[PDB]
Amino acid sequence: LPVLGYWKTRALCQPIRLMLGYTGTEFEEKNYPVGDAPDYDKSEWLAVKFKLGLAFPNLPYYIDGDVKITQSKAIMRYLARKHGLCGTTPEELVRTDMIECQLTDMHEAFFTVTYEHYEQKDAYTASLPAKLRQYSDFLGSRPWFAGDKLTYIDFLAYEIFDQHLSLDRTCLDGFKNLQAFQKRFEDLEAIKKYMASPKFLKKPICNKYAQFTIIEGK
C-alpha cells in the first residue's frame, strides 16, 4: 500500500490528499513531529530523511511500490496520470500547465507572508484582488479551469483558494464564478464524503513556527 509522508499540516500536501480521497485510493499517511519553540526540532524526520531511497529527499514524499517521489507537483502529476485527472487535448494541456505554475507562484507568495513576514499581511491581502481577477477571468464560465474536464489543477486551485480564505475571508467576495468554483469542488460527491470523513485535515494550514499559525491558530 502507498505511503504519503508529510508534516501534519495542509500547506502543499492537501491537494494530494484531496486527489487520493476523490479516487478512493487507500493510503498510509506518515507524519513527523515538530518540537516546541525556539528550536522547532525535527530530529525524527532528519533521522530518516536520507534513508528512504529518495533521489532528492524532501516533504512531502510518495512511496508506491518501487516508485519513490518527492516534489509535491511531481506527486500530483503522478497520481493524475493514474486516475484520469490529466488534461487530454492540446488546448487543455496548455491551460493546466500554465495554471499549475501560476498557482505554485501564488502558494509560495502565501508561504512567504504566512511564515516569516506576517507583518506584510495587509499589503499581501491588498494585492490579492488583482491576482484573483486573473483567475476569475481565466476560468470564465467554465466549470473547471481546463474547461469541461476536471483535472488535477482544480484540486490545487481549490485548496490554495481555500487557504487564502482562511487568511482573508472576504477575498473571493468580488468574484462570483470563483465562489461558485469553490462550491462546485466541495459538492463533488467524493469530495463531500472525504471532507466528512475522520482523516480529513482541517487545521493547521501552516506549520507550528509560521507566524500565521501562531497568531490565528488555523
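So that there is no doubt, residue numbering starts at 1 and follows the sequence shown.
Mean C-alpha B-factor is higher over 102-110 than over the other stretch, the pair under comparison being 143-151 and 102-110. The mean Cα B-factor in the deposited entry runs higher for 45-53 than for the other of 185-193 and 45-53. Across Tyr62, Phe175, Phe27, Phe161, the greatest Cα temperature factor reported in the deposited entry is at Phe27. Annotation for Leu132: C-alpha temperature factor in the lowest third relative to the rest of the modelled chain, per the entry. Sorting the modelled residues of the chain by their CA temperature factor places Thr96 in the lowest third.
In the PDB entry, a CA B factor belonging to the middle third of its chain's modelled residues is recorded for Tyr78.
In the PDB entry, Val67 places in the highest third of its chain by CA B-factor. Remark: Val34 belongs to the highest third of its chain, ranked by C-alpha B-factor as recorded.
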